[PDB]
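Coordinate inspection notes
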Protein chains: 4
Amino acid sequence: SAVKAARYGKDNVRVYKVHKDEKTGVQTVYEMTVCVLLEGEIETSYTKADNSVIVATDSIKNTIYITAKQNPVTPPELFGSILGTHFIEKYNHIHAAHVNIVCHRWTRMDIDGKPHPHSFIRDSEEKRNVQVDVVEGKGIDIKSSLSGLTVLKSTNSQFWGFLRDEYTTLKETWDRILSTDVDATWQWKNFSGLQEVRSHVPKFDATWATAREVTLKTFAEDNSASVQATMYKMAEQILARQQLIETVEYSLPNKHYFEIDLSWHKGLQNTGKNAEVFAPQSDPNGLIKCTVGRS
Amino acid sequence: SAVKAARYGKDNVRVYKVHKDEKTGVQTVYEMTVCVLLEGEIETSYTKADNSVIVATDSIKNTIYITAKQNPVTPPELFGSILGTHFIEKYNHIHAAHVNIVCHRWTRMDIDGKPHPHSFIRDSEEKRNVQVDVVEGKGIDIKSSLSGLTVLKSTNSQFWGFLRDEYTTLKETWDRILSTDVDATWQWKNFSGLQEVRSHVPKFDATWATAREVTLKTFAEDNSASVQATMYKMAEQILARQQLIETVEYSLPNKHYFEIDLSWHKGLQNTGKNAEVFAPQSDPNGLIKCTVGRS
Amino acid sequence: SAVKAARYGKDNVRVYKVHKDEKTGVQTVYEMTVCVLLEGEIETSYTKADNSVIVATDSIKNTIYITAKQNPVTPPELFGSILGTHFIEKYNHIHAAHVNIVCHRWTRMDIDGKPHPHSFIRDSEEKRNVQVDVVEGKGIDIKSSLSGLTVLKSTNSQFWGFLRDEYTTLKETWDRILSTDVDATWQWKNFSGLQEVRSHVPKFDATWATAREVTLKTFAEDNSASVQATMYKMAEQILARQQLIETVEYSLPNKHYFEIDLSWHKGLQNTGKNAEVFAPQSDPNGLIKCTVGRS
Amino acid sequence: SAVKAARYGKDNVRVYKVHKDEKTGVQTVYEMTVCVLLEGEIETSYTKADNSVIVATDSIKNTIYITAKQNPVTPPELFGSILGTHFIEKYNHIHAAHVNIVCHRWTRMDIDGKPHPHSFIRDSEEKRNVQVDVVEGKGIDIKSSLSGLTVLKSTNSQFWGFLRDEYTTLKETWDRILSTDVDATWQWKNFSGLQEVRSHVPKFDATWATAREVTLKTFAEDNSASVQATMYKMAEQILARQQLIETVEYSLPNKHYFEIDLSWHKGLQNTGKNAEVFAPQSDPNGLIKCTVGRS
Ligand SMILES: O=c1[nH]c(=O)c2[nH]c([N+](=O)[O-])nc2[nH]1
Ligand SMILES: O=c1[nH]c(=O)c2[nH]c([N+](=O)[O-])nc2[nH]1
Ligand SMILES: O=c1[nH]c(=O)c2[nH]c([N+](=O)[O-])nc2[nH]1
Ligand SMILES: O=c1[nH]c(=O)c2[nH]c([N+](=O)[O-])nc2[nH]1
Ligand code: NA
Ligand code: NA
Ligand code: NA
Ligand code: NA
């Protein structure tokens, strides 16, 4: 036998950081969950019980905290790049570092209509994420995403004209509910190293904002022919607004809301134009995926 | 043997309802999860296999949908009361109906700064809930609550002066992080029936708003001596602002954020005044509860 | 305002303990999650910022570990009683201790048909739990339970003869699937203190075994008229086999498995006697509860 | 813009099937969760609102049920292959079908020491899974796995000899707890189509059994130098016992159990040889991965 691939490290490392402005007394918080997995000349830890090649996962944890103490943790694309670069530079025999970061929302509270200097609310489980792969000799590959953005529109969604055969029971519709949990990923041009990442730092928050904005406005305004057709419109716009992105990927569940026929009870009319009460379906769910690039 | 208590029904019933304004084309959505459990002269279904006394749980489900079709689903205190009253009035041998409702957030989107007529976002897993107990002969008992309201303040929390003995290791602190998930319940005066609930309908949305407002402002502004002391201030204010509430109950976890001593590494200073990076602790957690009534 | 009720403490305390037999080298492990909440003369911590009355939740945590070091952690009824008694005896102003314990399964592995001396498997998320309320002046109240015991029978379940009216659509059936997650609780006679708990120690493991045994055999063998009728048979038998239990409570979801009519496709017959493929329903679910005492 | 990749279908489809032996009255149940995602000449559904190319996800659902009615659902490698083959053969423009199956445990109960003909228990959340990729022109690629197999050993685990530098605080140990959730995957030789899968049907249950057996025995018996070294031994043995597997992949968290120093309390000795009570850590966790192939 032989090792064909191997990576190891520390997962589920929770990290908080606070910034305190001395002049103003305004505090800002950041919270994330970090995973760092390393690759390199480590195969003998598996095949020969040779632990000398192992940077202990506890030491990886410590390094995450130390790196957060010594550097900005925002934007997460930057933090991830600093962190991954550290491992491949510090350790001769480590040749790749795979950094995943989940950013949690802590939005400043407004109290009596004024922003509070040190109080925050979790306004949803929507996450902002990065996957940063720092590979010796091959730069830094970054995938940025937003996830857990849960939306619903109550009309201006359709689904008709699909293939019909002996497996088909679904009725065509010209007016349905559409709800989803948005998972959207933009894949950056390869960066040659940490300096090139640094050179683009403002583009990370701006592109996340654009992606979110485009997603919400297109979802709200598209008189949707399908999840397929709507998500493609989102991706095309994001590509048109950031040249340093190569692809945009969406993964969208169709979280079904079924009509409830109540005509068996006192002739109640609750279908078609009279539909008011629906049964949200937990499972199953359609799942629609696309990766969009430039022509 | 003998039945000492029994209740049965349908849990986890997901319900959506849409309202469409003909004049304006503005749509409004509501979504909930409903549980209805019945009590009455039903013991023989347990002891003698006598199903004649059972209103099938599937029929309870149907009734939930029908009731939602024929009535407003908001405020949930009202809907719950209508629903519970139905069962004790329709069925001679059913003498109590226990209705729990979880309301899910669907907040109207603002697109390009204008509210959208039919598009919504789940801005957090914060819930608004009711527990409505409709008991034949004894009116309607309602507990209203908000839950899953997750907050953090980065300073203006203290904890010192606690009991110290041979079990104590915790250091006193004059400046710590405080984070919690707020579960707040206001218990209404008993209502004599559905008419009295109806008579108070505007008070339900107003009292939920007050409770939320008081919670957030007191959390943000209190230079907190303890979770105990802060939650009591919240409860006292809510009681002072709605005479028809008898008690306010809080259940608050203390979601700990631990300092990380990094002085072992290059003499890094990350404790006390220099504390910037912290380790959020998933477990264990303090749990602090209070029920506050009037003097 | 005034405090009407208050309790506070530490939740979600994970605890492992190992026993090592010197003679034999056989190791045995125990793992639990513990919550301890205290009541007493603590109201001034809420109303007057007086922390002097607070046994810190961190100290409660420490005490859990210390108590586990100095005492058997099994049966959990005993451990819980020792732990709760400690708090009301150690602290004059603490008058009740509420101890909840969740026991996790670590079943010894059999390797090559022989039990292994120090290797274990989690054979399900079924839990064994206790709720121990130690109240100064009023002894020790214990509720023991098993939960998360998930079972299915593929026939010998019926449901017919239920009430039929204008809300009813459910078809009567003489042969259906029955599946549930068993939550069964036996409530002990009040104990006057820790000595009386000690005096009954063998009865705790024996009664848990009986409850589990009765549950499984009655579920498997009862040609069930309803969940109501089957759960009552379980409760009656457990009461008949342990005189020191006062009541047995069951809480059982009916986790529905729906037939799928496929006759629209090539006349496939998949209903009634020909039913082979079913759709398990995640929600909604019937919920059936009973508390059984002695006549 | 242009579509670079696209797949769509139905996720989270719950499926039960029962087999009834007429001769004997012995019933056997199977339960799974299925996802089917299709690829093909479908890009115009995204770019041009052309739904004519869409096999509706509801029809995919129906097809899953129909296929389960007409074929064995075990072993899941076979069922998955039948299902995926159907889609690429039935639809000219569909060129790949990606089938994921999660199999849930329903183990026959033994009652009074005899196996019951129609009653079952969920003995853990351990799953048996397949990923079956049926690609037109390129056969059938199958990855089989077991997951959620949670184990603990209380001794005969070590971790010393790892790299030590200025980021390192972890103490070397010669006797620690090791616990993990086993995720093990065996990747089959490419199959040319459904006939070749059929030809190997007995090997699927046998290889799953071997993988489970090897995993448990090696975990229990290895005086472990590291998770790395132990998991490699498991993989090598599985490869040696099934020539039709090309690689074995493990993904193992190190679910840490920390010592608790209690010497601050009455000089209690709970570390090293005296360690009895430990704190299980929910997060963070080491994460160790390997893909092993043949030399
Ligand atoms: O937008 C949609 N795309 C699909 O591919 C689809 N398939 C189904 N369906 O049959 O339920 N609804 C759908 N809605
Ligand atoms: O506000 C608090 N109340 C408490 O009762 C408490 N106990 C502990 N503690 O020891 O960690 N922190 C606490 N903080
Ligand atoms: O055992 C049962 N008890 C019930 O009370 C019940 N109600 C319904 N039902 O209508 O679905 N099934 C049921 N099955
Ligand atoms: O088996 C192990 N492998 C590792 O790579 C490792 N790293 C750490 N650690 O530092 O905690 N424990 C570990 N245990
Ligand atoms: Na390197
Ligand atoms: Na009645
Ligand atoms: Na006391
Ligand atoms: Na094809």
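Residues numbered from 1 in each chain as written, not as in the entry; some residues may be left out. Chains lettered and ligands numbered in written order. Heavy atoms only, no water.

The deposited coordinates for this entry were obtained by X-ray crystallography, with a reported resolution of 1.35 Å.

Looking at the PDB entry, chain A carries the name Uricase, with the source organism given as Aspergillus flavus. Under its PDB header, the title given for this structure is "Urate oxidase complexed with 8-nitro xanthine". What the UniProt record of chain A gives under Pathway is the line "Purine metabolism; urate degradation; (S)-allantoin from urate: step 1/3." (UniProt positions renumbered as here; feature names shortened; annotations may be inferred.)

1. Let's talk about the site of ligand 1
Ligand 1 sits among 13 residues. The nearest are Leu170(A), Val227(A), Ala56(D), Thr57(D) and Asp58(D). Each of chains A and D places residues next to ligand 1. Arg176(A) places a side-chain nitrogen or oxygen 2.9 Å from an oxygen atom of ligand 1. The separation between a nitrogen atom of ligand 1 and a polar main-chain atom of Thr57(D) is 2.9 Å. (Near = heavy atom within 4 Å. Polar contact = N/O pair within 3.5 Å; in protein donor to acceptor, adjacent residues only side chain to side chain.)

2. Digging into the coordination of the sodium ion (ligand 6)
Residues and elements named next belong to chain B. Here the sodium ion (ligand 6) is held by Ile 88 (O), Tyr 91 (O), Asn 92 (O), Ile 94 (O) and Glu 136 (OE), and the distances to it run 2.3 to 3.0 Å. Counting gaps between the donor residues of the sodium ion (ligand 6) yields the pattern I-x2-Y-N-x1-I-x41-E. Residue classification places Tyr 91 among the buried residues on the basis of a relative accessible area of 5%. (Donors = N, O, S within 2.8 Å, 3.2 Å for Na, K, Ca; no water. Buried < 20%, exposed > 50% of the residue type's maximum accessible area, 1.4 Å probe, protein only.)

3. Re the relation of the copies chain D and chain C
With an RMSD of 0.0 Å, the operation that places chain D on chain C is a rotation of 180° combined with a shift of 0.0 Å along the axis. Both chain copies can therefore be described as sitting about a two-fold axis. In terms of C-alpha distance to the rotation axis, chain D has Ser124(D) as its closest residue, with the C-alpha 1.7 Å off the axis. Looking at the interface residues of chain D, 100% of them are also at the interface in chain C, so both copies use one shared face. (Least-squares fit on C-alpha atoms. Contact = heavy atoms within 4.5 Å.)

4. Concerning the packing of helix α2 (residues 57-70) of chain C against helix α3 (residues 76-90) of chain C
All names here are of chain C. At a closest axis distance of 11 Å, the pairing of α2 and α3 adopts a crossing angle of 130°. What the angle tells us is that α2 and α3 run oblique. For the crossing formed where α2 meets α3, the hand is right-handed. Within the contact between the two elements, α2 uses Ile 60, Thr 63, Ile 64, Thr 67 and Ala 68 and α3 uses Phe 79, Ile 82, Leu 83, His 86 and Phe 87. Split into classes, the residues belonging to the contact of α2 with α3 amount to seven nonpolar, three polar and no charged. (Axes fitted to C-alpha atoms, helices over the stretch in contact; angles between N-to-C directions. Helix = DSSP H or I, 4+ residues; strand = E, 2+ residues; numbered from the N terminus. Parallel < 35°, antiparallel > 145°, perpendicular 65-115°, else oblique. Left-handed = near helix turned anticlockwise from the far one by under 90°. Nonpolar A, V, L, I, M, F, W, Y, C, P; charged D, E, K, R; others polar.)

5. Here's the deal with the coordination of the sodium ion (ligand 5)
For the sodium ion (ligand 5), the full set of protein donor atoms is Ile88(A) (O), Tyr91(A) (O), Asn92(A) (O), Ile94(A) (O) and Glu136(A) (OE), and the range of their distances to it is 2.3 to 3.0 Å. Sequence spacing of the donor residues for the sodium ion (ligand 5), all on one chain, is I-x2-Y-N-x1-I-x41-E.

6. Thoughts on the UniProt feature "binding site: urate" in chain A
When the UniProt feature table is mapped onto this chain numbering, "binding site: urate" sits at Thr57(A), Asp58(A), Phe159(A), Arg176(A), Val227(A), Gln228(A) and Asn254(A). Separation in sequence by 198 residues is matched in space for these annotated residues, since their most distant C-alpha atoms are 51.8 Å apart. Note on placement: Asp58(A) falls in helix α2 (residues 57-70). On the basis of relative accessible area, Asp58(A) is assigned to the buried category, the value being 13%. Those residues within four positions of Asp58(A) in sequence are excluded, and the remaining contacts are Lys10(A), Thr169(D) and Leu170(D). Looking at the secondary structure, you find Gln228(A) in helix α6 (residues 227-240). Contacts of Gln228(A), omitting those with residues within four sequence positions, involve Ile288(A), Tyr8(D), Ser45(D), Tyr46(D) and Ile54(D).

7. Details of the relation of the copies chain D and chain A
With an RMSD of 0.0 Å, the operation that places chain D on chain A is a rotation of 180° combined with a shift of 0.0 Å along the axis. The share of interface residues of chain D whose copies in chain A are also at the interface is 100%, consistent with both copies meeting through the same surface.

8. Considering the interface of chain D and chain A
Contacts between chain D and chain A engage 68 residues on the former and 68 residues on the latter. The contact between chain D and chain A buries some 5600 Å² in all, and 55% of this surface belongs to carbon and sulfur atoms. It is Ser1(D), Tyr46(D) and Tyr167(D) that lose the most area in chain D upon contact with chain A, and together they represent 13% of the buried surface on that side. Counting the contacts that link chain D with chain A gives two salt bridges. The closest approach of N and O atoms between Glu166(D) and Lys90(A), which form a salt bridge, is 2.8 Å. In terms of residue count, the dominant contributor to the side of chain D that touches chain A is strand β1 (residues 2-20) of chain D (13 residues). Partitioned by chemical class, the residues of the side of chain D that touches chain A number 30 nonpolar, 24 polar and 14 charged. (Buried area = accessible area lost by both parts, 1.4 Å probe. Salt bridge = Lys/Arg side-chain N within 4 Å of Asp/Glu carboxyl O.)

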